[PDB]
Asker: 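One structure follows; several queries about it will come next.
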Amino acid sequence: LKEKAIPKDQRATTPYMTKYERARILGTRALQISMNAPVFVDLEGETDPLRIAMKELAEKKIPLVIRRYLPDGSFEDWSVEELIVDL
Amino acid sequence: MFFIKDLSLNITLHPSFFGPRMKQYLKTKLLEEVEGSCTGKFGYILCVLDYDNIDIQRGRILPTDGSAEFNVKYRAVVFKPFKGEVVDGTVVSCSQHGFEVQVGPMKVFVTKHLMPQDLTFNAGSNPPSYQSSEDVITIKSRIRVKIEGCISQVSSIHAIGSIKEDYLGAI
Amino acid sequence: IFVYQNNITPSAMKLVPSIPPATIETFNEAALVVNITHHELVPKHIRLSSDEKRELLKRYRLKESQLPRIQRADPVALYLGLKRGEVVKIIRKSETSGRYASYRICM
Amino acid sequence: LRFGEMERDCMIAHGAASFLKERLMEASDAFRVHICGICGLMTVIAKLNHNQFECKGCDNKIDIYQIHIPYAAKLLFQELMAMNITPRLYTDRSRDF
Amino acid sequence: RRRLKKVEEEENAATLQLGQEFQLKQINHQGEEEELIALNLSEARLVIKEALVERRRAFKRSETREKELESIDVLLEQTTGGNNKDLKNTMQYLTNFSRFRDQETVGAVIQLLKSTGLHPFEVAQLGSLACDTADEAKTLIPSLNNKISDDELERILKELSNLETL
Amino acid sequence: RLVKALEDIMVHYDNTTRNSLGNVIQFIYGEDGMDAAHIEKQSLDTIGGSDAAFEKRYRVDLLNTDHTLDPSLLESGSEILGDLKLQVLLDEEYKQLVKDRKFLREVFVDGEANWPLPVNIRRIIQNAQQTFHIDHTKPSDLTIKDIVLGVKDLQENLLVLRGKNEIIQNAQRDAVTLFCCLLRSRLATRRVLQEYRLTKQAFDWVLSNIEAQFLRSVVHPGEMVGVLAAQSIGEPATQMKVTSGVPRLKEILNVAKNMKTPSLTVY
Amino acid sequence: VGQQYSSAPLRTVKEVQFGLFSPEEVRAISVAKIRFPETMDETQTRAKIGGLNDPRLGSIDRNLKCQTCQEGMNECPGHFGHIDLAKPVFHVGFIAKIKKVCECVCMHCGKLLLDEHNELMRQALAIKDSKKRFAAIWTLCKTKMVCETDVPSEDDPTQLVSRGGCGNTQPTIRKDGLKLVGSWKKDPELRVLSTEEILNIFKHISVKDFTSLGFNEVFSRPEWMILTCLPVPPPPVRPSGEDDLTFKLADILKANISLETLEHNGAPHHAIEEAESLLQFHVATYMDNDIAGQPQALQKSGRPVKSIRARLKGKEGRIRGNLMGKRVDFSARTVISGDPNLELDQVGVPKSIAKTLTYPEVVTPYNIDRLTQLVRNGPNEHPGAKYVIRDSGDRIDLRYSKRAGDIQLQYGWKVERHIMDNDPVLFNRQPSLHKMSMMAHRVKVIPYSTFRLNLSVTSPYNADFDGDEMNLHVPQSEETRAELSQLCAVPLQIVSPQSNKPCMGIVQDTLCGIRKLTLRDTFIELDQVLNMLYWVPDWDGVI
Amino acid sequence: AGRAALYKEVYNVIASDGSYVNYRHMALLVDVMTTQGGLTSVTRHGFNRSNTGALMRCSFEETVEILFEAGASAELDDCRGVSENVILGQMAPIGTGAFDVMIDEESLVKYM
DNA sequence: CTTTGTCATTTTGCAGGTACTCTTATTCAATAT
RNA sequence: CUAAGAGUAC
DNA sequence: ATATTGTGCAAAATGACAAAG
Ligand SMILES: [Mg+2]
Ligand SMILES: [Zn+2]
Ligand SMILES: [Zn+2]
Ligand SMILES: [Zn+2]
């Protein structure tokens, strides 16, 4: 793992969250909320787990990290907090 | 003998448990499953060294399940008996077929075939013992034994010891 | 480079590979009348040095087999005297971005 | 309803991997089978109530894994075995990418 | 490799074939290789006590044989919970057959055995077994045959016996 | 057959296009790293026109009168004339435009000027004009140095490849060369100050929007471009002297030794 | 209820290592030696012990647990038996390969014909991929017809170095059906190469030789291309009226017993040869019944037998027909109709279909009330629920459950309930030539028996309303639901990557209408203007 | 030059009926067809003969022959292709599956 | 004398995607227990 | 139930 | 009286065969 992981200081992937990453983050977080996971945001009455996950993503309170795998087997860890959600 | 080795264990956490005390839950669940345990691959597992910072890594959400698969790496102190190794111990029980000696956490059964002929069982003694011309082996008696045969089961390691060789017996 | 008129006797072909590192290359005159590399379909081929190949493989994390291949009988490869394992950088006029650089390893 | 090949291709082009897996496994046929880490074959005798797993031949009882594969996949592997082919399934990499 | 089946020479301490995963070098959790260290009974007991006292301190922030046995029992009850039968038996066995008391003596023993440049299994066995003479050590440990000079082994066993306390 | 052939092709996190073996098919997707859905047809102004028309459209000279600029165009329109450093900036900008003209005329031999490119600059200019209420009469607040340095910084900010070595930097420059040609063709000093008459805040907004849109037009890693290409080629085939249509498509995909109409073109 | 809990660790398959069965591996994995060709005993109520349906291979009756694993037919994978063949036979799939291998190796000493001393051999052995190595080796050694016990030295062609060669002459090998005939050069001597001698010569090939040929030391050795122990698939593979595989296995057992008795009792070589050829034919047609030249092994009914290769190939084989594409649950299909009053991303769903298809919603403090209400409503009225799955895996059917009284839902349970409005659903029309022909829509429950969709979305689907049918798929998890809504949604597909332009537009009546509405002549009075303004949902309210 | 001519031919075919397809799709097609140094046909004789994994190769054509050859040659399938994971019924490494979602315990504690 | 390229044969594997309904048929006949 | 065939819808 | 057995491509591969050294 030590050789596979690329150090944080020299990650060369895009700093923007991809559409697939956003889709899977929302799906995973919605599924976890649906299984009674703690919520890190205040709720304005929303009840759908998916839109709860969207609200969590809007203010970067999702405690997950993407492990982007390079073709050679190496990978980069990008926290959802630092990824820029532009799309 | 007592060693310390680098072990890893895959734990899975339910979505309900992901809270600020997740590290505590992972550390506790490593215990109660590895502490005091026995495996055939590495012998007994007695304790885990370096509790202050156990490498828990990141964890991995299982798709369609939501549970996270952590691969917790740690240092564990183990006791793996080996064939043909001399070690001290104490007798706890005796019988017709042989007697049991307590070495660390394991019990080694020395069979009646693997004692000098002068040493013979005696059930008349209370508790029953093994008596010879020069010495007697009873309960709570120190004895040095050489392990010559090990069968590696998982939840119960079984070893065969003997004192037939020179300078083996009571100390 | 041996430039012949019509053909080579096959019994002469077998002894074309001499003792290394010397290499012998045969060309037919009829195949050399027109310089193929001046065709607008043929892009720019630049042989890479061993250091350049090592840097390329390091930067793209590639193995030898993961590069696009160029046969060691391709007319451009014969033109440049490519040998197996050597990588040519191809510069192409692309219609989406002005310039596109590819690489091909001689096999 | 038949979820044909080119429907799968459209789902691939959309990039929805989890939905494709859900269609092909939870919606049609999900079968849990046991294999051993020595030989990748499904020749593991599993007594779940007694909690006893054992691959005869390899003579092992702790190198067992369970995998969720389509029942059609299990049938395919068994038909390969009956035709003298060993589709050994392994849960860890032995080579680098 | 992923060889199906497996052919292996039977484990034998005298042959020093401790196992493919008991080789001299082991890749640590940090990725580098370290020597396979082996703990003698006194050293192992001290290591266990250090680990348990560290755990007790972490929980708090978050000699004679009888008194030592009572103290280790109290600390064992305080630190860990259940399924300590094996751990308890090992701990009492260690306190009973402990060849040394404190850190300084076990450190001296380990550096003295290190000076020999000998196998870790063999030095741990020497530090664990309270042997007296030299041919006795050779017959106890067949792995030591044709590895160390007779006089050196006898003398080092003499200093080890001298270092014995209580 | 097409879908099966291209099924495993994917764009990876290093922007290369690879199959299941990790073999590189394209070192950057589509040779520009752009998503097809974000591409629009736009005109390259530098390639077309006459040399005199090109000079009139772009050439700006602060030391003569044939290609001078009206001082009313910008705020400091009567002080810049006679300057040297600003003349140096205009000279390098015009030289770059001439080089782009030559480069595009090399790339597109027929001289076609309308090509599909990621960011639609014209719409951005119109949005800025209608958002900041450009009156087309007030002198511009922009300075020439601001225009040139802003364009150069924008070119520096259009990142497709994020690596930090010579290979990746050269690939990045090759990736954005054509879009930068378009950008220089549009956001020239003459055009900005005269045709569009941007202001300072409007020019900054245009630059920020161009950067954001270009970053949003980059293809996303994990895109299954092989299946997409197979379907995009196969779907029109259903709608369908020299053979053409489906029989010719079959002759192409099945690399056939003998084809019905082998014809050769001589110039 | 699914499958009960298993304590074995759960992993995903990372690598698939192919190979061939060694006969000893076949014997090791087998749980029963099949000896009798019959399936059921004389009582015709049980499975004969040692027969083709030995209870150790798995139970053929739902009421009986498997005799090996003591698990029901729901769990037991089935366990292989083994038929110990009287004499070795060729594997029908490998015959050509076997020929090539035996054409590359000496038929007497079992060593590869052209060692590295030969010139082109270094080039051939230098190749990396096994297939090209074997092709080069074969095209080099197929024309060598002598073992070459002594060869000119690599240093120079003056002295002779003797390899481990016997010096015999190799034959020219052809295939006549299921057997190989070798013609030795006349000093031609034509004779059938017995499978036993070929097996022997393959067993004598050195490790280096066959790993150069492209075989593996651990997973596939050439002598494993010869069958000596047929694995017997369990009843799961050939369920029962017996399956065609069962009949072929019975025929194989019959031929095996006939050959074994003819050998034991002695017989003319003609009878033994005929019985051997019959066993070979049966074993071959059991694996591949479409052999070119040979006649198909007909079934009792006079139709060709379905071999395993037939079960695997084709559009209806296992791979294409059951793995690359398979029939799925939670899907609907019906005729489509247009609706100008539906949004672009909306789909009209018949109430009966909405009452049939269901989604499992996990019970949460946020949806306890409405899920309880749906459970109260039951499955016969929309909106409602059809099942309640408890944390233990037990399933409660809302039909017949109202007798037991109202169910008290608990967090973590699942309510499998009717699909309601705004539920993301995949909508598809076939042939479905591109990704836009399969898009995510929002459910709108409507009181008629057709799917309803916006007129603009018909262009990507290439759909009319002259009888077209369309299919609907319901995601069954929050992850699939979410990625369906966030990647395949209709609005996200408006601009197609196919030609970097929108794929949906204004079509048909509206298109004509809009042209008529925007003419210069067209003027609208106050009342119609107010109507048209109110018809725009997001109109800001200013005239 | 062969790749450029191939792209020109494919483009001519597509544009014969006046249709338009973006450059990158035909570019990808011709790049795949010519990535091996020669003209690799889209046929069982072409792309299906590349050593790209037996399970995905067999899903196209010549299925059982491919399985037999893979067994004889003891091929290793690393399960990187889409067809392999479809057959095994696990999330393919495409789109949403081209990465792993993991947990930042430090961030989780940091939120409260 | 053996290549050597070359034609003329042989294989030989394939042949859009979903979906609906109905009809027939499951070895014939002779022999022996 | 299975298989084969025929007709048919887009 | 009834169970048991007597098709049209089109590429690839292969073989036959007049010329060449
Ligand atoms: Mg229609
Ligand atoms: Zn096994
Ligand atoms: Zn069973
Ligand atoms: Zn020989």
Side-chain angles (χ1 to χ4, degrees), chain C residues 7-14, chain D residues 1-10, chain F residues 1-4 234-235 237-238 246-247 250-251 253-260, chain G residues 38 42 44 96 99-100 103 135 138-139 142-143 145 172 174-175 238-244 246-247 251 254 290-293 298-306 309-310 313-317 320-321 324-328 331-336 428-434 437-438 451 458 461-473, chain H residues 39-46 48-49 58 60-66:
Chain C
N7 60 277
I8 308 299
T9 59
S11 59
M13 278 288 107
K14 49 167 57 53
Chain D
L1 280 296
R2 169 91 179 167
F3 194 79
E5 287 192 69
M6 54 204 304
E7 286 78 5
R8 167 195 70 91
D9 294 302
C10 295
Chain F
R1 269 191 294 140
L2 273 171
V3 169
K4 273 285 161 198
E235 186 275 350
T238 65
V246 179
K250 190 171 158 222
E251 277 188 353
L253 301 178
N254 300 327
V255 180
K257 321 307 187 72
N258 324 297
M259 62 202 211
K260 299 291 104 175
Chain G
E38 299 87 17
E42 76 296 349
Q44 297 297 114
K99 174 181 174 183
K100 283 184 165 57
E103 211 156 6
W138 177 73
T139 187
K142 58 163 181 195
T143 47
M145 277 81 74
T172 66
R174 296 179 292 118
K175 75 186 288 295
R238 50 195 171 69
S240 56
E242 298 306 312
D243 203 62
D244 291 11
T246 298
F247 285 118
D251 294 313
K254 283 177 169 67
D290 309 272
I291 311 169
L298 304 199
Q299 188 47 262
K300 184 260 194 186
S301 69
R303 66 181 197 180
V305 169
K306 193 172 191 60
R309 178 173 172 288
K313 69 183 283 295
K315 298 197 287 187
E316 296 83 359
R320 293 190 53 188
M324 308 315 296
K326 54 186 82 173
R327 299 192 174 284
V328 293
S331 54
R333 172 184 184 87
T334 176
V335 187
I336 49 166
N428 164 40
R429 180 180 178 277
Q430 288 138 343
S432 68
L433 303 160
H434 52 113
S437 60
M438 172 168 278
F451 284 150
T458 61
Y461 285 123
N462 194 232
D464 285 13
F465 308 131
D466 59 357
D468 294 326
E469 283 171 347
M470 282 188 72
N471 316 333
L472 186 73
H473 303 266
Chain H
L39 295 174
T40 300
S41 61
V42 186
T43 313
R44 77 181 77 94
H45 314 284
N48 212 36
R49 289 270 164 73
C58 83
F60 170 56
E61 281 183 21
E62 298 179 354
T63 291
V64 175
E65 285 77 43
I66 292 275

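Order of the sequence lines sets the chain letters (A, B, ...), proteins ahead of strands, with each chain counted from 1.
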Asker: Begin from the C-alpha positions of H:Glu65 and G:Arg309 and carry the test side chain to side chain contact (heavy atoms under 4.5 Å, CB included) through to its verdict.
Answerer: CA-CA 9 Å; H:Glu65 285 77 43; G:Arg309 178 173 172 288; 3.0 Å; yes
Asker: Between F:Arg1 and F:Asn254, does any side-chain donor sit less than 3.5 Å from a side-chain acceptor?
Answerer: yes
Asker: Take D:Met6 and C:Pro10, find for each the nucleotide of DNA chain I with the closest heavy atom, and name the residue whose nucleotide sits nearer the 5' end.
Answerer: C:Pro10
Asker: Please state how far atom CD in G:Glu316 lies from atom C1' in I:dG16, giving the value in whole angstrom units.
Answerer: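 So the two atoms are 13 Å apart, to the nearest Å.
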Asker: Write down the atom of H:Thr43, the atom of H:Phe60, and the distance for their closest heavy-atom approach.
Answerer: C-CE2, 4.0 Å
Asker: Starting at CZ of G:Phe247 and ending at P of I:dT26, how long is that distance when rounded to a whole Å?
Answerer: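 Spelled out: CZ on G:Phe247 to P on I:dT26 is 15 Å.
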Asker: Considering only heavy atoms of chain F and a distance under 4.0 Å, specify the first and last nucleotide of DNA chain K in 5' to 3' order that meet this criterion.
Answerer: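 Range of nucleotides within reach of chain F: K:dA10 to K:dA12.
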Asker: Could you state the CD1-P distance from G:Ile336 to I:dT18, rounded to the nearest angstrom?
Answerer: 18 Å
Asker: Should I:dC20 be tagged north or south? The rule is the sign of the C1'-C2'-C3'-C4' torsion.
Answerer: north
Asker: Expressed as a whole number of angstroms, how long is the span from D:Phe3:CZ to I:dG17:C1'?
Answerer: 13 Å
Asker: Take the protein atom CD of D:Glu5 and the nucleotide atom P of I:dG17, then report the distance between them rounded to whole Å.
Answerer: 8 Å
Asker: Where does the sugar of I:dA8 land, north (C3'-endo side) or south (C2'-endo side), based on the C1'-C2'-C3'-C4' torsion?
Answerer: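 It is south, as the sign of the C1'-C2'-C3'-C4' dihedral turns out negative.
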Asker: Closest approach of G:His473 and D:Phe3, non-hydrogen atoms and distance?
Answerer: CE1-CD1, 3.7 Å
Asker: For a quick check of understanding: with a heavy-atom distance under 4.0 Å over all strands, which category does G:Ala463 fall into, base, sugar-phosphate or nothing?
Answerer: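 The residue G:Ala463 makes no contact with any strand.
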Asker: Does a salt bridge link F:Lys260 with F:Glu251, judged by any charged N lying under 4.0 Å from a carboxylate O?
Answerer: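 Result for this pair is no, no salt bridge flagged.
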Asker: North (positive) or south (negative) by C1'-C2'-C3'-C4': which describes I:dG17?
Answerer: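 Because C1'-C2'-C3'-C4' is positive here, the pucker of I:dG17 counts as north.
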Asker: So which of G:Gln430, G:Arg333, G:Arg429 actually passes side chain to side chain contact (heavy atoms under 4.5 Å, CB included) with G:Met470?
Answerer: G:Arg429
Asker: Determine the minimum heavy-atom distance between D:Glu7 and G:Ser432, stating which atoms define it.
Answerer: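 Smallest heavy-atom distance, with atoms named: OE2-OG, 3.5 Å.
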Asker: Starting at atom CG of D:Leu1, determine the distance to atom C1' of I:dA19, rounded to an integer number of angstrom.
Answerer: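 Result: 9 Å.
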Asker: Are any side-chain N or O atoms of H:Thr63 and backbone N or O atoms of H:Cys58, one a donor and one an acceptor, separated by less than 3.5 Å?
Answerer: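 Present.
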Asker: Would you mind reading off the distance between G:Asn471 atom CG and I:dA19 atom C1', rounded to a whole angstrom?
Answerer: 8 Å
Asker: Starting at the 5' end of DNA chain I, which residue's closest nucleotide do you reach first, C:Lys14 or G:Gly302?
Answerer: C:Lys14
Asker: Return a single string for nucleotides 5-15 of chain I, one symbol per nucleotide in 5' to 3' order, where B is base contact, S is sugar-phosphate-only contact and - is none, cutoff 4.0 angstrom on heavy atoms.
Answerer: --------BSS
Asker: Rounded to whole angstrom, note down the P distance from I:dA15 over to J:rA9.
Answerer: 25 Å
Asker: Can you name the closest pair of heavy atoms from G:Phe451 and G:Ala332 and give their distance?
Answerer: CZ-CB, 4.1 Å
Asker: Can you give me the N/O atom pairs linking the protein to nucleotides 3-10 of chain J at distances under 3.5 Å, or say none if there are none?
Answerer:
from: J:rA3; atom 1: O4'; to: G:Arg303; atom 2: NH1; distance (Å): 3.3
from: J:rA3; atom 1: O2'; to: G:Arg303; atom 2: NH1; distance (Å): 2.8
from: J:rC10; atom 1: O3'; to: G:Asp468; atom 2: OD1; distance (Å): 2.8
from: J:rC10; atom 1: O2'; to: G:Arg429; atom 2: NH2; distance (Å): 2.8
from: J:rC10; atom 1: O2'; to: G:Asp468; atom 2: OD1; distance (Å): 2.2

Asker: Taking a positive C1'-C2'-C3'-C4' angle as north and a negative one as south, how is the sugar of I:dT18 classified?
Answerer: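 Pucker flag: north.
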Asker: Rounding to a whole Å, what distance do you find between D:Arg2:CZ and I:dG17:P?
Answerer: 9 Å
Asker: Would you indicate, from the sign of the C1'-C2'-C3'-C4' dihedral, whether K:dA12 has a north or a south sugar?
Answerer: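 On the sign test, where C1'-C2'-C3'-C4' is negative, K:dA12 is classed south.
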Asker: Are H:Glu61 and G:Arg320 close enough for a salt bridge, meaning some N to O gap below 4.0 Å?
Answerer: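 No.
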Asker: Checking all strands, does G:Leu433 fall into the base, sugar-phosphate, or nothing category for heavy-atom contacts under 4.0 angstrom?
Answerer: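 The residue G:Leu433 makes no contact with any strand.
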Asker: Under 4.0 Å, heavy atoms only, any strand: does G:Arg327 hit a base, just the sugar-phosphate, or nothing?
Answerer: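 Sugar-phosphate, no base atom in range.
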Asker: Please say whether more than 12 non-hydrogen atoms of neighbouring residues, nucleotides or ligands are located less than 6.0 Å from NZ in G:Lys254.
Answerer: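 Yes.
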Asker: So which nucleotide does I:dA19 pair with, by the Watson-Crick or G-U wobble rule with both distances under 3.5 Å?
Answerer: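 Check on I:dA19: paired to J:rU8, both distances under 3.5 Å.
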Asker: With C1' as the reference atom in both, quote the distance from I:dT26 to J:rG5 in angstrom, rounded to an integer.
Answerer: 14 Å
Asker: Looking at G:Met438 and D:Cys10, what are the two nearest heavy atoms and their distance?
Answerer: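 Closest pair (atom of G:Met438, atom of D:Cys10, distance): SD-CB, 4.1 Å.
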Asker: On DNA chain K, nearest-nucleotide positions of G:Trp138 versus C:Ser11: which is more 5'?
Answerer: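 The answer here is G:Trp138.
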Asker: Can you tell me, in whole Å, how much space there is between the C1' of K:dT5 and that of I:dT27?
Answerer: 11 Å
Asker: Do you know which two heavy atoms are closest between F:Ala237 and F:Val246, and how far apart they sit?
Answerer: O-CG2, 3.7 Å
